[PDB]
Each structure stands twice: as structure tokens, then as C-alpha cells.
Amino acid sequence: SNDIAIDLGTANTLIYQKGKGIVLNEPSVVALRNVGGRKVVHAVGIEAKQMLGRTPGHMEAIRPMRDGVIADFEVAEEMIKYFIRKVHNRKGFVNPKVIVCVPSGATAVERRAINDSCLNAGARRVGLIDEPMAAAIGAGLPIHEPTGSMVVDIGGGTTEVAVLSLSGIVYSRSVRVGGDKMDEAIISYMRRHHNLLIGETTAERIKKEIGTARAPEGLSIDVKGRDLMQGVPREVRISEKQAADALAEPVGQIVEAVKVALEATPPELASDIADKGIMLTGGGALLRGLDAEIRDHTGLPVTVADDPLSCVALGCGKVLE
């Protein structure tokens, strides 16, 4: 089958193929090379991501998604077309049905854009599923039962908090905080506290190697950047402790969103959640200590889903199947 489900992410795009499972997982990045005043797609995916902050004059690496939704519809369509062609079975001659996730707080305008974009990229039919519903399905929560389940999907562009019951949404919210904001927080910390300018690739490395939702000093790494006062290369050693300082603001927004969700939840469902806890999915769920930070501020158990990067795609795939 060429029918597919797409986790169209701010940072990463995953495709689940009907009958096969997850068949693609690539950064949501497009490189355009400017030849003859006109722009030509140079690369898509991991190769393009490797170019960020390192492009020469006639090249640019672009992320066409922002805050969980399509920003640059022309480039996003090229991206989607590329990914779909990549996984396409050449024995199939029928345009695919496509399920695509969308942030629960996405505007009417933003939802229309995802639909139009997938159609423009070849889909014969597009169905939208709410991200936190997909995430909860993918994480294996009992969303069809008469019981309250809470999921928190921390993506690249948004954090989706939802309470699900009986195959529906009891409460949902998209918060504009996620992997990108955390990277931006790290960039800002380095500039303000260490007079050092770093690029996104370095911030990503910091986040991944020593990033944490709470102080441990802990381990340290050495990072390079531009000394802001002298304009020359400079190296600084940064600890998990310092990474926690840097991430404090976005981590706090996530924790607050969870508490706001709990407050909004009816008593019987809220009690179900108190019993089984909160489920974390998405790239952000891998942030060391985030589960414990949420646990300590809410007093509720917190679990990280199996394969948290893949939960939304698995859930979309389940609905496709």
C-alpha cells in the first residue's frame, strides 16, 4: 500500500506506511541552492540539517515548519513531496490516502494549510488527527476506555497537553514551547552568562549531551563559539548544572501547562490521572529529569513512553490501519 500517515514535525518528520510501519524519520529541513536567481532544492532531510549555520553564499538551509505548523508552504510542499517519493512503492499507481497530525491549538488557517499542502504533494485524500490523540494512541494509553488518560507531547514546535477518554478529547492545549525554544534558551544563556555566541548545531549538542530539567554540578562538555567582545573563537566548559539554569524557563512553561490542564479536568477523570500518572511523549520527553520535574511539581506519577520520538507516528499509523 502507498497509504501513509505523516508526523509532520517542526524538527523531524516521520512517515508510517500502511502495512509496513515506520519507514522514514528525517529532519524537517530543506536546502535551497540559488543558481541563476532562481532557487533549486539541493537537499532534504539529514543532509540539509548538517548545513545549518554552515552555508556558503549561494545556499540556505530552511525549516519550513514553525511552532508546530507550516510557515513556508512552498518549501514544506517540496519537503513533503520529497519524503513521499522516497517511501513510495513504484508498483502502486494510485495517489495515497494521507493521515497527518496537527497541533490541537492550530488555527483554521494553519489546518487548511496542512490539508492543501498534502493535496499539492500528491495525496488523493487527507485526514487530520489531533497530535495529542495520536501521541496517546502511539504511547499505548487506553484512550477508548471510560478512564482519564493524560498525555504531554513535547515536540520541536509545540507541547501538546491533553486528557483523553472514550476515544475523545476531554481537554487539550498546544503550548508554544518545545525543542526549538529550548535550543533558543541555550543560545541566549550562552550569550548572557558566558559572552559567547553559538549556533543551533552547538545548542542542540548541549541540549542532548548535558541538557536537564533540574540541577544534578554533574557532567560537563566543552563547546566552541564566538567570543562576543573580541569576535574570535573561544571555548567554554558547560555543566549539567548550567544547562539546567539555561532550560529553566521553557521547562517551567511545560510544568505550568500540566498544572493548568489538571485544574481544568473533571474530578473523576482527574482522580484516574492521579492513579495512573501522566505520560510523556515526543523528543522533549527525553530531556533528563523532565519526568521528575513534572512529578515533583504536580505530585503525580510521570512516565516516559516507549519510543517517545515515534509515538505520534505510531498513533497516526494505528488510525490509518
# chains A, B, ... in the order shown; residues from 1 in each chain; ligands from 1
call {"tool": "residues_around", "arguments": {"residues": "residue A:29", "least_positions_apart": "3", "cutoff": "6 Å", "atoms": "only C-alpha atoms", "output": "JSON, numbers by chain"}}
result
{"A": [44, 45, 48, 49, 62, 63]}
call {"tool": "residues_around", "arguments": {"residues": "stretch 280-290 of chain A", "least_positions_apart": "3", "cutoff": "10 Å", "atoms": "only C-alpha atoms", "output": "PyMOL selection string"}}
result
chain A and resi 11-12+132+135-136+138-139+150-156+158-161+177-180+182+207-216+240+244+251+254-255+277+293-296+302-312
call {"tool": "residues_around", "arguments": {"residues": "stretch 257-265 of chain A", "least_positions_apart": "4", "cutoff": "7 Å", "atoms": "only C-alpha atoms", "output": "ChimeraX atom specification"}}
result
/A:161,253,269-270,298
call {"tool": "write_last_selection", "arguments": {"atoms": "C-alpha atoms", "output": "JSON list (two decimals), in the first residue's frame"}}
result
[["chain", "number", "residue", "atom", "x", "y", "z"],
["A", 161, "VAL", "CA", -1.20, 18.56, 26.78],
["A", 253, "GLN", "CA", 6.25, 26.63, 30.96],
["A", 269, "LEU", "CA", -11.00, 11.90, 35.42],
["A", 270, "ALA", "CA", -8.50, 13.87, 37.48],
["A", 298, "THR", "CA", 2.29, 18.05, 40.42]]
call {"tool": "residues_around", "arguments": {"residues": "residue A:25", "least_positions_apart": "5", "cutoff": "8 Å", "atoms": "only C-alpha atoms", "output": "NGL selection string"}}
result
:A and (12-15)
call {"tool": "select_by_dssp", "arguments": {"residues": "stretch 104-305 of chain A", "states": "helix (DSSP H, G or I)", "output": "NGL selection string"}}
result
:A and (108-120 or 131-139 or 179-194 or 200-210 or 240-263 or 267-276 or 283-286 or 290-298)
call {"tool": "residues_around", "arguments": {"residues": "residue A:59", "least_positions_apart": "2", "cutoff": "10 Å", "atoms": "only C-alpha atoms", "output": "number ranges by chain"}}
result
A: 31-35, 39-42, 51, 54-57, 61-62
call {"tool": "write_last_selection", "arguments": {"atoms": "C-alpha atoms", "output": "tab-separated table (two decimals), in the first residue's frame"}}
result
chain	number	residue	atom	x	y	z
A	31	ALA	CA	18.49	23.18	1.43
A	32	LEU	CA	17.95	25.51	-1.49
A	33	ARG	CA	20.79	26.44	-3.85
A	34	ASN	CA	20.41	29.78	-5.62
A	35	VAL	CA	21.51	29.27	-9.21
A	39	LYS	CA	16.18	28.54	-6.27
A	40	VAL	CA	16.57	24.80	-6.69
A	41	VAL	CA	16.02	22.20	-3.95
A	42	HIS	CA	19.53	20.99	-3.19
A	51	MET	CA	24.25	22.56	6.72
A	54	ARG	CA	27.46	26.45	7.79
A	55	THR	CA	26.17	27.52	4.34
A	56	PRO	CA	28.24	29.46	1.77
A	57	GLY	CA	26.82	32.44	-0.14
A	61	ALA	CA	19.09	25.65	4.84
A	62	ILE	CA	15.43	26.31	5.63
call {"tool": "residues_around", "arguments": {"residues": "residue A:196", "least_positions_apart": "2", "cutoff": "12 Å", "atoms": "only C-alpha atoms", "output": "PyMOL selection string"}}
result
chain A and resi 186-194+198-199+202-203+223-238
call {"tool": "write_last_selection", "arguments": {"atoms": "C-alpha atoms", "output": "short mmCIF file (atom, residue, chain, number, x, y, z; two decimals), in the first residue's frame"}}
result
data_model
loop_
_atom_site.label_atom_id
_atom_site.label_comp_id
_atom_site.auth_asym_id
_atom_site.auth_seq_id
_atom_site.Cartn_x
_atom_site.Cartn_y
_atom_site.Cartn_z
CA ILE A 186 20.54 27.65 25.43
CA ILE A 187 21.77 30.15 22.80
CA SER A 188 20.53 33.01 24.98
CA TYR A 189 22.10 31.58 28.14
CA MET A 190 25.49 31.26 26.42
CA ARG A 191 25.33 34.85 25.21
CA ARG A 192 24.11 36.37 28.51
CA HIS A 193 26.11 34.35 31.04
CA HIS A 194 29.22 33.48 29.03
CA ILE A 198 26.88 29.76 19.49
CA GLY A 199 24.91 28.36 16.58
CA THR A 202 26.03 23.51 19.12
CA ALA A 203 22.92 24.35 21.14
CA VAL A 223 31.75 23.94 23.48
CA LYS A 224 33.13 26.42 20.98
CA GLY A 225 31.63 29.69 19.86
CA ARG A 226 32.41 33.32 19.15
CA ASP A 227 33.69 35.48 22.00
CA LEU A 228 31.26 38.38 21.72
CA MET A 229 33.63 41.09 22.94
CA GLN A 230 36.67 40.10 20.82
CA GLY A 231 34.96 38.38 17.89
CA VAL A 232 37.35 35.41 17.97
CA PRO A 233 36.76 31.68 18.56
CA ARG A 234 36.56 30.76 22.24
CA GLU A 235 35.94 27.54 24.13
CA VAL A 236 33.82 27.23 27.29
CA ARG A 237 33.17 24.27 29.59
CA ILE A 238 29.47 23.95 30.48
#
call {"tool": "atom_distance", "arguments": {"atom1": "atom CA of residue A:105", "atom2": "atom CA of residue A:70"}}
result
13.4 Å
call {"tool": "atom_distance", "arguments": {"atom1": "atom CA of residue A:157", "atom2": "atom CA of residue A:66"}}
result
6.1 Å
call {"tool": "closest_residue", "arguments": {"among": "A:145, A:217, A:7, A:222", "to": "residue A:205", "atoms": "only C-alpha atoms"}}
result
A:222
call {"tool": "atom_distance", "arguments": {"atom1": "atom CA of residue A:113", "atom2": "atom CA of residue A:317"}}
result
21.3 Å
